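Look below for two forms of one protein chain, each set out as structure tokens: first structure 1, then structure 2.
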Structure 1
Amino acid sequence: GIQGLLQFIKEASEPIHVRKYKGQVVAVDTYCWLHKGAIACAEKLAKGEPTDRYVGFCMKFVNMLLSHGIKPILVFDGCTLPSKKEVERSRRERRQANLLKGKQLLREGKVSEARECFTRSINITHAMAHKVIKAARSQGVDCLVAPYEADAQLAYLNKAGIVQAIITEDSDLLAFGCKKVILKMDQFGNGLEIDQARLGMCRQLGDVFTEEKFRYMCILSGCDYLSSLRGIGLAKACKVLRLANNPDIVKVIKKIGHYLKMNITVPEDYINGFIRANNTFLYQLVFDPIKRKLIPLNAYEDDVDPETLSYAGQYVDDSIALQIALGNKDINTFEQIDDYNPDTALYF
């Protein structure tokens, strides 16, 4: 999550409606709808009580898309990424803390604060997502569980031309190189659209509107893969990259103390972290829904050795990747929880 990215490129956004993509294909970061839908029933998901309201919550959105002739491809998060294991551990810890806090508040009498702790201990399991998948398949809507992060999968779907837009709330999709991103979409169909090509409209970006430089900026600002340097945001990173008259990024990062004229100590492990973060944004494993195989988000360059890309996702057999993609195989238990077969009547 690139904090303050949306407001930073505000001049490259515009209010639209979904009808602009009428008759076209659009992929969806479904976990946002899952969270917002789970908020309405936080306490019941906290007590372990049976609840399927979030299903209907996502379904009114899906149906709203179907009403305007849109073809939605619901994309779901899959396995945990090693480049995000720290943030995941932290989030898990906070969810646990809030859960225990709320449960303690139930043993007193405070009902509001307990609900406030329960609405911040929301854990979107893969079973709920599977419920949403079943509900979507009952309506004939394509679904796809990403090998890891849904971000990279959406990015691939958008870059491959399989979809023409990405409905999400996360700003990372821009850093992954998505062409068209639809943000802040209500249940009525109104939202903001940020096109990559329009990134040149932002005067405060300068010449930093190319995919590579924009990615470097987003990384230097501070992402989930790598915490930024102390005192470095979007503006200073963009400033460095604008003053960066050098194709090699490493030397620039080593010269960040010069480009900003500040006292910045940069550890080697932070440089390695930047390389790993960049390679995470570039070559994270996604799933080709047509050829049915595990591929990186972008084709490997000649200046990169895929042997040292374990943090960007581990390769598995294409059959397993397909079973996970369909959602038939649970992410954790790695066991078959469903028996859906797309052949026996997205996947051409």
Structure 2
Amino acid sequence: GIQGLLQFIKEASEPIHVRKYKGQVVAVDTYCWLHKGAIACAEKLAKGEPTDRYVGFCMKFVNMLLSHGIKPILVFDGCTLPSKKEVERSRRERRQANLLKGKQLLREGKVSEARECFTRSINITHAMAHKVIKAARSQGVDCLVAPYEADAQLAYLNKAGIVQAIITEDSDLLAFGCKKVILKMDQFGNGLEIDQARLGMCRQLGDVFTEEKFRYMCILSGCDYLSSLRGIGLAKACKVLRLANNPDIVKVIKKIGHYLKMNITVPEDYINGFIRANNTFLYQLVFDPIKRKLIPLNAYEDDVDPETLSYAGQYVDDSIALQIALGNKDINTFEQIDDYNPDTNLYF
């Protein structure tokens, strides 16, 4: 998503061990463990052969967290945002290409090419994720499938005070306003923690350590919701937001030529895309597990009409969102593939 973010604010990082969060709750972006565990199963998953290695791989980290008296909440990605469905189609298409090519290379003889094609065509299905869910629930670990992107859901869990930290490899969590993010954690619990409050330890940020300005910077530098203007990265965006002190971000973006001491004419499409990206960071749908219902990541302000935020996620019935969050309902087909009932401690 946001390239070079970690290195840009590395001064706010600190090497920790997760035993720090003993007796507390930590949410997990399970996609990193799942992906790192599916790497080994590449050849065997490509051939459609039964695998459980990635399951035990995730259960390594889970049992590790449990051994240090930590309550982990495994969070999974859900439906793809309407604006990214085409990109998803492209990804699956390319993975299919490398899959078939991997088969042809398997028939030719070269095993290196075939396996390297298989590891570059890994498709984390929902069946695998559900296997991880069952394996985790058998150990008493709560699971949660996000309505859409897992990042937003995790960010909500942290903001709601449900969890104290987020384990992930995606630094984009910082743009979602996460307080504590644990990156690069190994199987033993050694990680690199970034705290929002420590953002001020980054001199190059200046006064851009507030959530809003930090978000603006991250978006302007280039994110998954909106590609940056040509020649604009973290340093340029940060400099622009430092030299400017106007709450109206749009007018600031329009005067991006002034702050960069040149002649820049910003397209209106990029402005609308910026508004949509910001609104997606702010109000993307997530699942409240306490009230058991769909809510925006942050409460709607006075200058936003919820009916115009279809790109940030579409509402469905709360019981449907519940069945999805439990992993009982398939994301794509909406078929009930499981009948787990939490009522028979995340869902009070």
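Rigid core: the largest C-alpha set superposing within 1.5 Å between the two forms. Here, residue number means position along structure 1's sequence, counting from 1.
(message) Which one moved? Candidates are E268, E93, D207, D248, criterion is a Cα shift of 2 Å or more between structures 1 and 2 after superposing on the core.
(response) Comparing both forms, the shifted residue turns out to be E93.
(request) Examine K134 after superposing the rigid core and state whether its CA is displaced by 2 Å or more between structures 1 and 2. (result) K134: C-alpha displaced by less than 2 Å between structures 1 and 2.
(request) Classify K84 as shifted (yes) or not shifted (no) between structures 1 and 2, where shifted means its C-alpha moves by 2 Å or more with the rigid core superposed. (result) Yes: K84 shifts by at least 2 Å between structures 1 and 2.
(message) If the core is used for the superposition, what shift in Å does the C-alpha of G102 show between structures 1 and 2?
(response) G102 C-alpha displacement between structures 1 and 2, core-aligned: 2.0 Å.
(message) After superposing on the rigid core, what is the C-alpha displacement of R115 between structures 1 and 2, in Å?
(response) Rounded to one decimal, the shift is 1.1 Å.
(message) After superposing on the rigid core, what is the C-alpha displacement of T280 between structures 1 and 2, in Å?
(response) A shift of 0.2 Å at the C-alpha.
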